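See structure below.
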Number of protein chains: 4
Amino acid sequence: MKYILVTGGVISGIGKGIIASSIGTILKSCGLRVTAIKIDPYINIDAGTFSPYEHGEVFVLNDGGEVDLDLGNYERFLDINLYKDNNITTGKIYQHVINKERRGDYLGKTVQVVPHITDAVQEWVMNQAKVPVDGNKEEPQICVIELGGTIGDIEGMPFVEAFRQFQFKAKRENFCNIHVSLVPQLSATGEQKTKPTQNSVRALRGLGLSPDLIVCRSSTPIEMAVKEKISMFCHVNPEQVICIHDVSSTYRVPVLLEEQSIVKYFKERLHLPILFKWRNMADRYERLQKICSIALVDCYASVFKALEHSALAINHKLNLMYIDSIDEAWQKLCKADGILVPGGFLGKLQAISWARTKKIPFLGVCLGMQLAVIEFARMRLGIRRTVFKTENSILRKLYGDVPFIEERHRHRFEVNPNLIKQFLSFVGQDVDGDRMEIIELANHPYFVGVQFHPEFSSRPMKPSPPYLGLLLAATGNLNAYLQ
Amino acid sequence: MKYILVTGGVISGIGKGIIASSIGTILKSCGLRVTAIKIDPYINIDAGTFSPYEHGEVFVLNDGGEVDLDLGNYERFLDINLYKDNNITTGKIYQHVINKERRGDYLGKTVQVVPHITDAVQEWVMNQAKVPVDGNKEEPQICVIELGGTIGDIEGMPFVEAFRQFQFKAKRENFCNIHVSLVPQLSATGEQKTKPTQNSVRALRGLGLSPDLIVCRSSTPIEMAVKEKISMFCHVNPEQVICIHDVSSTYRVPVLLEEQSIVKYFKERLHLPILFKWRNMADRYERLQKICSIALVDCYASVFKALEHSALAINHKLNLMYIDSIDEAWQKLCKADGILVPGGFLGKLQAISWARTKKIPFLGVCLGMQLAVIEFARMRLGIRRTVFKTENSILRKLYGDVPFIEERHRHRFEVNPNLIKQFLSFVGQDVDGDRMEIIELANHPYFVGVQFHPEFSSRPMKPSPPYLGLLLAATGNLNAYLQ
Amino acid sequence: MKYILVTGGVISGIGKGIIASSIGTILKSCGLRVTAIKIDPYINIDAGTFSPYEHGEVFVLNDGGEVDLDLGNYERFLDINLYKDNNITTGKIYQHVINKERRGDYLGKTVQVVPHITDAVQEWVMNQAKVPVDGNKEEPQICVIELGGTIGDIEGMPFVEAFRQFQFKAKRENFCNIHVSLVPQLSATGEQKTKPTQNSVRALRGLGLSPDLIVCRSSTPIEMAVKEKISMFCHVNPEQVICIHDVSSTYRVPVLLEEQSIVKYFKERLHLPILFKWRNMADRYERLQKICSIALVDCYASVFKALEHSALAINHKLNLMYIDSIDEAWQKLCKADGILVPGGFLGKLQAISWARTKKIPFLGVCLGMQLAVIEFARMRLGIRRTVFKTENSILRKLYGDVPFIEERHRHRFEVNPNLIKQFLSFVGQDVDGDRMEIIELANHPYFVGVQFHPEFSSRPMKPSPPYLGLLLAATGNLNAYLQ
Amino acid sequence: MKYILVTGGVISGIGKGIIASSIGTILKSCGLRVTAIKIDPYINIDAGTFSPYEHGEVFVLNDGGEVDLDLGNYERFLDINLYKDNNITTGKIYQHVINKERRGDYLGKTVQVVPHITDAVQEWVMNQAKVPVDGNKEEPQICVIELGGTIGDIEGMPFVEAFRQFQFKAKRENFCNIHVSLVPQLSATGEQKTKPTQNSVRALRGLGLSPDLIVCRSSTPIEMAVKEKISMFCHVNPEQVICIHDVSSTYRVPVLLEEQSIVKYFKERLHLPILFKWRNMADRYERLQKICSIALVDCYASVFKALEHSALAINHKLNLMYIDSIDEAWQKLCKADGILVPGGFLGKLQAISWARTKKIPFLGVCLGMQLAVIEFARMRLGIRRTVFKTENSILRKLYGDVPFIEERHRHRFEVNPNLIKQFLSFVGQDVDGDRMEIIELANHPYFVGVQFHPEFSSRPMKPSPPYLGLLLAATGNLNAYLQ
Ligand SMILES: CCOc1cncc(-c2ccc(C(=O)NC3(c4csc(NS(=O)(=O)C5CC5)n4)CC3)nc2)n1
Ligand SMILES: CCOc1cncc(-c2ccc(C(=O)NC3(c4csc(NS(=O)(=O)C5CC5)n4)CC3)nc2)n1
Ligand SMILES: NC(=O)CC[C@H](N)C(=O)O
Ligand SMILES: NC(=O)CC[C@H](N)C(=O)O
Ligand SMILES: NC(=O)CC[C@H](N)C(=O)O
Ligand SMILES: NC(=O)CC[C@H](N)C(=O)O
Ligand SMILES: [Mg+2]
Ligand SMILES: [Mg+2]
Ligand SMILES: [Mg+2]
Ligand SMILES: [Mg+2]
């Protein structure tokens, strides 16, 4: 397989996942099947224990893997459905090697980082790259590997040592390395400074990799004097120093990479047999004039992404108003064209009662369904089939008249079957008939609650129907859309 | 507690365990209760899976812990009985942190090397230092920590980062660091070279520790010009550059440290409220003239140590003749004053039949008992009580007429109770009466087989009685000793 | 002496010279005599060969030393007059050691970086610290050492190794180290990132120094979560993590350091026997409402500084309009309340003829005098005495009626004595009577040309009289000031 | 040109100069013209100020360059005559860059290590490689560059950064790097340890070079297990891990490199168009049985080398007896078959009077001529012509009847012309006729004194005639040789 490593310098928040997902959809537009793997140097096995404040939201995969949001970036850009072992962590690898040792698999030899941990990294990366992650059983051609962290962090040292070796245990034709680095710009002078990138490239080069591309992220476009310094002190040609500045949307980030000629570079380097939508969506986004104000009652990234897909599909700008549910909160809730009550693991019941009584559009997700059932009366993890109990339901029209949907669940509580006879219609259930998994309130333009998280299914080309329904309702257009 | 870290430079085989055990028995001679901990940066949990070729023999603790031989050095020097958690490994610590993560104990925070692994190291080192490892319930005063590896190995980086912090999270009065480094000597010139030590001290200093002592190990004593270079370039006073050269025995290594004044240094530095035997045993060893040639039919370190304790106790030099049992082997076996058949997990039966028929003294250990029972006819891990079935047995006289002994076992097979009635006397058994655990053959000066490993119980001050019995028999003196 | 090292991390432009000059005037306000030294790791001996585009302007000292502008920051803040050896460069030190070697002074020993270059650094820093740099012959108490560059640059490695040693070859009471580091703030999130500071502190700690203060420079004030990360990962208490954000003026930067409590820290640490103006000037600067627009026809730093001193002294804001003299340039020159033609080594004659014919206030400096003499008709380095040829001159009134002034020259051409009889009055000359060094044109509110650079004499408390005269004339107030 | 860099690891004394000179004479035997350059990271310009105790003897070049002894190794192996700029030092390069700065040659730009010092290294290495250093005006094909020091020393960092760049600013076909590293062997076990080499290769790889060959120097030949560890952890094939053990003579070191196949490696790598004497001389040296005991009254390396060339040419082993001239010294001087009084800058007169009165063979060099003239009565640097005053002189027969010789001088005193008329024959003089430069005493088998140092002219294939004459006289064979 062809491998593209993406390493970070200076600071992690520079958008490496957006770079990695961008070069993935570029190569996908060039007809190549692209896998992705994320390395997270954290010792946590899965993100199921994380707070959404730490590493952003917990993204859920079809197999029930709970991971950080950058796997959702890979899904949303590439239109792939990842498996849990496309997340590599230090915890997963050290536990593997430890469990191999206790089986005797290392044949009485001393286990140590080089070779055994570095070989575990290589074995994992070789094998999960070969796994069909598009719906085609046809084995992938490229695997993009985001090495999370910044090079120089001690946690990341096993992985760069593995990738150093993986150059030599492959071929140059089959392995390239992107370094994404910050070029800070001083407020006093406008002077863009190269010294972080120079020092970070020196560290990466000290660890036996080298930049095949340097990707400057910067506030303003980098001047030629700054690119000359980088190409000199980082020992890479001008064509190999790429600038991504602040732009309107993530839709524009692939387009900058075309304009900086990465496909010529990867064609030459990786010996490859080689957008429209990305320009169209970027150009749309810059030309949005109508506003939809949704009350949301990186902690809710896929939620926001799904709304913005939906918003762009109806040529509205989203004015997303985040509201802490313990609560100007009610002022925001007055100019709410829709209420979105997302998931979590009580004060949300304010907004649900408001939405119900004032007939303001409502989407409840997970907890929002449970609370809506409770309000009206006053782990199941990964992909499951939810069957519709009628065809007279708004979500069934939105999903295209299909008798069931398959969506990603993450919940440990459910509605009691014995109490549903006290009743708001329960419109979707599990195949067992026990759990109700979708509610719709009929005396309302759009008040639906779903047990599942349809966010994780959202992609720009196909907005999440429960989130689309909300934005259609919030602009009156639902009555048109179903007609 | 007071802590003494011992770090290695250049190469691991320089005797750091002998330095650490030496400064331990020095401080014990000064009346201080000394704990020891060994850090092994290997990812192996326990040494139970190791080949005796890799890391030397597998030493067995009373609690059933299977560890590398350097814990046996701590036991043999200090006369302490260690617990399995006095061995720290990367595997034990990473598995701890991983299992804490899966319990939720890190409260939805991202686990990473600093802090979480470094804190696990500190927590472990604080708590196992406080554990009474002498028979006194009186909590220890000093803990010697051998950091295995060489500083600069990637495996060791979590530990030095932990110890960097442990300086600051303690007091200077409570933490010192020994650096043991090679001073290589060129064959062409006799020139002793300081550059390895300078470079290794620079690495240690780059990792936020510093030498409080530099211990040069060297072939010849270091000249003053060499010590001046080290004290300049390593930024430490002349009194803090100690030389241990090649000497006769490990018995002399504490004595060099007295003569290089470490007790004055530790009194001043560690604010401490402060040998004979070590000189006596060293002086004896240099004056040994009689030879005992034992056929042994670092893989057998505690075995060799136990023989040399026994040999010194009868003022003989041991000419230990190692013989691969698949086999000049029979030439060695002809000048064998005793056969020692140690443990392992078939060709040994040559030497046992030889020993039986020619009346040459025999000690069989573990496998050697099983094979001796088999020859005459032609896991249970850690401390167990073995009871004697008579008082007319040579081992019972050797052990001082006691009705039982408590010795360290490591075996998964045993003699069949149903077949013992076919019978060589079975002299010791388990308390259950099922397993026979000691045999003696009566028509022989000394042919005993034991299931246990009495090596691990050997200390210079009290030689292992089965090994002593062998050397007494091999010199005729057994008939005198029992009389 | 007490020493304060100031090291940089991430990027050089963060204002380390302003930090170093700030802590200097703080300690001066506490009654201490403060020396300053700047280390520039460049191999250039002097700045006399530099372009003003590279390292900013060439600042000129009284002794004829041509240095970078940060020595001018030390003069302007502290009111000291530095000597050329208060600039240390790699070139000056390597040439010293080389010339010592060629004299035989190293006694046939091999010269190498440690010790000989590192000792040369220490010898220089010890001795130039002791030099009275205030007008008091009373030896200094503190020496602030700005280590230019960023720690991690190869050029700077001799100096940090010297300062590592200088800790130990002094006392902790006599040596502290400030680390100034960038905390970058992401545009997408507002998230302030600590990873550069953590990595730069790790480098500094790897080189055997440590931060006694960490000074974050940042766009916004740092949040407490960001300071907690820094105090944890950089192993320094919260009180030792100082935040300097973007503020109105350099006048406010000492005031932030008071408010972050550096005097308590230095009192405790350095065992010291311990502003108004800085607050007053900061508060004035923020309250400026009147504008003076001067046409200037970091390349002209002391010029801009001298104007802003003058502007603040008449409570006007300076709208400094820089104009490339080869040239909207004439649009700027129309709204010029004064023309300033600075020095350099032809198109400037446009602005001088304009200024002369339209009676718009003019200051010509060096080249501007020479060009003004030429227009009307159509090295001498460091402090020299210029004598006035009358008392009926505007500059003599401005300088306080004194018959001569002593100002800093830097010119290789001068007016021909034989041609002055063709004449615009020549008002000041050298003591030799040969060179005319000041001109005034009488038929004009203010058209003066001076050979010297009176910028380098400017300090906030005493604005440069030729620059003050310009701003008084540009606001009509000159007629009042002389009256 | 093709370039071969030779870097050191662990310790400098491992024989890198002998490796570099060996691969030079290998490639010379393959018909290639080989230049050599030595980098000495010392700041000393020339070795003229060195003590012979520090860096060994001061070797003198034809151009009057005074250098360390490793340039003499290049001359003695390759039969080249080096120029002073074939020695590169930090002092020579920093002074070059400094002097360029003061000429304005860097065009007002800031001088710093990268690029300017690194470019100076490259410029020097490119240009002195092209200089004909054989007597052929035909430009060289290979330049061997010994990088002195050990990689990891701060002094050497400019040079490895230069060579990192010089890979890329050349081609792989034109640049290879040898790493010479110590494999220490423990006395206790015979275990050969790879960890120094692994750590030193990691440092070299961190500095952006990599071993193309790893040359282990070792006491015993390295076992295959040790070479497997090195080829794994240093990431180089088995064929690229070469072992040079302790051997009889330097003559055998090329032969080991043939037997380890370096010519196949350099043919493949460097794309080259490709001994006897070295085997013959090695085999002779091992078979020497007759002894010649010379009293010498690395400080005298070329002297010892010249004696051993001479000794091998008459199939005697040299028993060189070094005697401190202030002085068992006279016991050595009794069994002296010849006295050698070398140069230096008084007690030597004991041995000269002894040699004269007892008719024991004498060679006086420089000071030894001056002292011999003084005893009988009781800078001029580099190549000069010395003319013979007769053909009835022993040195003229030894040098092959030639009327003059050209030999390397290094003296500041000479014999007074006015006093020679008081006279021992003065046999050779300068062309000016002023200085007497050779004496011979007639009433003696061999008592000659020379002003020059004929050591520096010695090569195995052509022994230095004054040193040959001594050893012939000391074995009676002079009377045969002249006949
Ligand atoms: C190297 C990165 O450099 C830069 C430079 N400048 C700006 C940004 C930037 C970063 C994040 C965002 C963002 O999150 N925007 C939103 C959105 C809608 S759709 C989607 N992404 S998506 O569904 O995964 C699929 C389409 C790809 N994002 C509205 C929420 N917008 C801009 N990134
Ligand atoms: C750690 C630095 O952090 C920050 C944070 N925020 C802002 C700044 C900042 C940097 C430079 C400037 C500046 O140059 N301002 C001017 C001026 C007038 S007088 C003088 N300096 S001076 O004469 O040497 C003597 C008084 C000290 N400067 C107008 C030209 N103003 C603000 N620096
Ligand atoms: N995913 C969620 O929103 C969780 C909802 C609720 N706490 C449950 O466990 O069902
Ligand atoms: N410790 C040993 O010598 C092992 C003996 C034998 N293999 C057993 O398991 O009993
Ligand atoms: N300092 C300057 O402005 C230089 C002016 C002019 N070039 C001279 O040398 O006199
Ligand atoms: N080269 C030497 O032996 C020096 C001899 C003597 N000191 C001189 O200067 O002539
Ligand atoms: Mg973070
Ligand atoms: Mg080993
Ligand atoms: Mg710069
Ligand atoms: Mg040396």
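Quick note on naming: the chains in the structure tokens go A, B, ... in the order shown, residues restart at 1 in each chain, and ligands are numbered from 1 in order of appearance.
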
Environment of ligand 7 within 10 Å, counting only C-alpha atoms and all ligand atoms, reported as a PyMOL selection string:
(chain A and resi 11-13+54-55+149) or (chain B and resi 110) or (chain C and resi 191-195+226+229)

Please produce a file of the residues just selected, as a short mmCIF file (atom, residue, chain, number, x, y, z; two decimals), in the first residue's frame, where the atoms kept are N, CA, C and O atoms.
data_model
loop_
_atom_site.label_atom_id
_atom_site.label_comp_id
_atom_site.auth_asym_id
_atom_site.auth_seq_id
_atom_site.Cartn_x
_atom_site.Cartn_y
_atom_site.Cartn_z
N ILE A 11 2.06 23.07 17.75
CA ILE A 11 0.78 23.01 18.43
C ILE A 11 -0.18 22.08 17.67
O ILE A 11 -0.17 22.08 16.45
N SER A 12 -1.00 21.32 18.40
CA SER A 12 -1.87 20.31 17.80
C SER A 12 -3.11 20.85 17.06
O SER A 12 -3.67 20.15 16.21
N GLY A 13 -3.58 22.04 17.42
CA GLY A 13 -4.87 22.58 16.95
C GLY A 13 -4.85 23.19 15.55
O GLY A 13 -5.84 23.76 15.11
N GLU A 54 -12.53 17.53 27.01
CA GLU A 54 -11.12 17.21 26.89
C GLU A 54 -10.66 17.18 25.43
O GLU A 54 -9.78 17.95 25.05
N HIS A 55 -11.23 16.26 24.66
CA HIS A 55 -10.73 15.92 23.33
C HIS A 55 -11.80 16.17 22.26
O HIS A 55 -11.71 15.62 21.16
N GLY A 149 -0.68 14.57 18.28
CA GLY A 149 0.34 15.17 19.11
C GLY A 149 1.15 16.14 18.26
O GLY A 149 0.79 16.49 17.14
N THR B 110 -7.70 12.70 29.49
CA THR B 110 -6.72 12.05 28.64
C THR B 110 -5.52 11.54 29.46
O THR B 110 -4.87 12.35 30.11
N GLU C 191 -8.32 29.43 21.67
CA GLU C 191 -7.52 28.56 22.53
C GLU C 191 -6.05 28.99 22.51
O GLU C 191 -5.45 29.07 21.44
N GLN C 192 -5.54 29.27 23.70
CA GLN C 192 -4.16 29.62 23.94
C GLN C 192 -3.39 28.35 24.22
O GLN C 192 -3.80 27.55 25.06
N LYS C 193 -2.29 28.15 23.52
CA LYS C 193 -1.56 26.91 23.47
C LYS C 193 -0.21 27.03 24.16
O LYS C 193 0.54 27.96 23.89
N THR C 194 0.08 26.07 25.04
CA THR C 194 1.20 26.10 25.95
C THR C 194 2.39 25.26 25.46
O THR C 194 3.50 25.42 25.97
N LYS C 195 2.15 24.40 24.47
CA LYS C 195 3.09 23.42 23.96
C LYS C 195 4.45 23.97 23.49
O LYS C 195 5.46 23.38 23.87
N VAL C 226 -4.64 27.78 31.23
CA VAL C 226 -3.41 27.88 30.43
C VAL C 226 -2.20 28.04 31.35
O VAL C 226 -1.18 27.38 31.19
N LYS C 229 -1.55 24.60 33.16
CA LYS C 229 -0.80 23.73 32.26
C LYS C 229 0.70 24.06 32.23
O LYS C 229 1.51 23.14 32.35
#

Contacts of residue 190 of chain B at 12 Å or less, counting only C-alpha atoms, minus same-chain residues fewer than 2 places along, as a ChimeraX atom specification?
/B:183-188,192-193,218-223,226 /D:13

Using only C-alpha atoms and all ligand atoms, can you tell me which of C:330, C:376, C:388, C:456 comes closest to ligand 2?
C:456

When DSSP is applied to the backbone of this structure, which of segment 32-78 of chain B are assigned strand (DSSP E or B)? Write them out as a PyMOL selection string.
chain B and resi 34-40+58-60+66-68

Counting only C-alpha atoms and all ligand atoms, what are the residues, protein, DNA or RNA alike, that approach ligand 3 to within 10 Å? I want them as a JSON list (two decimals) with C-alpha atoms, in the first residue's frame.
[["chain", "number", "residue", "atom", "x", "y", "z"],
["A", 58, "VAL", "CA", -17.01, 11.16, 21.43],
["A", 60, "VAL", "CA", -19.31, 6.58, 17.55],
["A", 341, "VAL", "CA", -31.68, 19.24, 22.63],
["A", 342, "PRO", "CA", -28.65, 16.95, 22.06],
["A", 343, "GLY", "CA", -27.44, 13.98, 24.11],
["A", 344, "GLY", "CA", -25.39, 13.83, 27.31],
["A", 345, "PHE", "CA", -25.20, 11.65, 30.47],
["A", 364, "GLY", "CA", -34.38, 15.75, 20.68],
["A", 365, "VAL", "CA", -31.42, 13.35, 20.48],
["A", 366, "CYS", "CA", -30.94, 10.42, 22.92],
["A", 367, "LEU", "CA", -31.52, 12.17, 26.27],
["A", 368, "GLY", "CA", -33.77, 14.66, 24.43],
["A", 369, "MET", "CA", -36.19, 11.79, 23.53],
["A", 370, "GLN", "CA", -36.21, 10.49, 27.11],
["A", 371, "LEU", "CA", -36.76, 14.00, 28.50],
["A", 379, "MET", "CA", -24.65, -0.19, 26.44],
["A", 380, "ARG", "CA", -26.66, -0.16, 23.16],
["A", 381, "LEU", "CA", -23.62, 1.01, 21.19],
["A", 408, "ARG", "CA", -25.62, 4.74, 15.44],
["A", 409, "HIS", "CA", -26.80, 4.33, 19.03],
["A", 410, "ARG", "CA", -25.00, 5.10, 22.30],
["A", 411, "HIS", "CA", -27.41, 4.76, 25.24],
["A", 412, "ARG", "CA", -27.82, 2.66, 28.41],
["A", 413, "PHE", "CA", -31.44, 3.69, 29.21],
["A", 414, "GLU", "CA", -34.60, 3.33, 27.13],
["A", 415, "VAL", "CA", -38.39, 3.85, 27.45],
["A", 451, "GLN", "CA", -32.65, 7.54, 20.59],
["A", 452, "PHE", "CA", -29.82, 7.32, 18.04],
["A", 453, "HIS", "CA", -27.20, 9.90, 17.06]]

Would you kindly return, as an mmCIF file with N, CA, C and O atoms, in the first residue's frame, each protein, DNA or RNA residue with an atom no farther than 12 Å from any atom of residue 189 of chain C, considering only C-alpha atoms and excluding same-chain residues fewer than 6 positions away?
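What follows is the written file part27.cif:
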data_model
loop_
_atom_site.group_PDB
_atom_site.id
_atom_site.type_symbol
_atom_site.label_atom_id
_atom_site.label_comp_id
_atom_site.auth_asym_id
_atom_site.auth_seq_id
_atom_site.Cartn_x
_atom_site.Cartn_y
_atom_site.Cartn_z
ATOM 1 N N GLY A 13 -3.580 22.045 17.418
ATOM 2 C CA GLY A 13 -4.865 22.580 16.949
ATOM 3 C C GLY A 13 -4.851 23.189 15.545
ATOM 4 O O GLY A 13 -5.841 23.760 15.114
ATOM 5 N N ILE A 14 -3.731 23.091 14.832
ATOM 6 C CA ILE A 14 -3.470 23.701 13.518
ATOM 7 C C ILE A 14 -4.313 23.142 12.373
ATOM 8 O O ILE A 14 -4.273 23.680 11.271
ATOM 9 N N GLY A 15 -5.077 22.083 12.621
ATOM 10 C CA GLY A 15 -5.970 21.484 11.645
ATOM 11 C C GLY A 15 -5.399 20.290 10.900
ATOM 12 O O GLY A 15 -5.885 19.995 9.823
ATOM 13 N N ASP A 298 -16.391 22.230 20.717
ATOM 14 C CA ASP A 298 -16.170 20.955 19.980
ATOM 15 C C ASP A 298 -16.829 19.739 20.706
ATOM 16 O O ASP A 298 -16.731 18.599 20.246
#

Write out as a PyMOL selection string each polymer residue whose atoms come within 6 Å of segment 75-84 of chain B, counting only C-alpha atoms; drop sequence neighbours fewer than 6 positions from it.
chain B and resi 21+25+65+133-134+459

Using N, CA and C atoms, can you write the selected residues to a file as a PDB file, in the first residue's frame?
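Written file, out24.pdb:
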ATOM      1  N   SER B  21      23.715  -2.654  45.618  1.00  0.00           N
ATOM      2  CA  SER B  21      23.738  -3.597  46.720  1.00  0.00           C
ATOM      3  C   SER B  21      24.863  -3.281  47.718  1.00  0.00           C
ATOM      4  N   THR B  25      24.443  -2.330  51.698  1.00  0.00           N
ATOM      5  CA  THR B  25      25.032  -3.020  52.848  1.00  0.00           C
ATOM      6  C   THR B  25      25.961  -2.106  53.676  1.00  0.00           C
ATOM      7  N   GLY B  65       6.861 -14.442  43.045  1.00  0.00           N
ATOM      8  CA  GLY B  65       7.365 -13.564  42.005  1.00  0.00           C
ATOM      9  C   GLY B  65       8.619 -14.163  41.380  1.00  0.00           C
ATOM     10  N   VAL B 133      10.776  -5.070  54.602  1.00  0.00           N
ATOM     11  CA  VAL B 133      11.395  -6.042  53.712  1.00  0.00           C
ATOM     12  C   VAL B 133      12.574  -6.784  54.383  1.00  0.00           C
ATOM     13  N   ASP B 134      13.018  -6.221  55.508  1.00  0.00           N
ATOM     14  CA  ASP B 134      13.570  -6.929  56.653  1.00  0.00           C
ATOM     15  C   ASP B 134      12.384  -7.576  57.412  1.00  0.00           C
ATOM     16  N   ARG B 459      23.029 -16.923  51.424  1.00  0.00           N
ATOM     17  CA  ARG B 459      23.659 -15.653  51.722  1.00  0.00           C
ATOM     18  C   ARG B 459      25.035 -15.982  52.301  1.00  0.00           C
TER      19      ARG B 459
END

With a distance threshold of 8 Å and counting only C-alpha atoms, extract the residues of chain D near chain C and express them as a list in words.
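Within 8 Å of chain C on chain D, we get residues 41, 42, 43, 44, 45, 49, 50, 51, 54, 55, 91, 94, 95, 97, 98, 101, 102, 104, 107, 108, 109, 110, 111, 112, 113, 154 and 155 of chain D.
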
Ligand 1: which residues are within 8 Å, counting only C-alpha atoms and all ligand atoms? Reply as a ChimeraX atom specification.
/A:14-19,21-22,72-77,217,244-253,278,301-302,304-306,308-309,458-460 /C:188
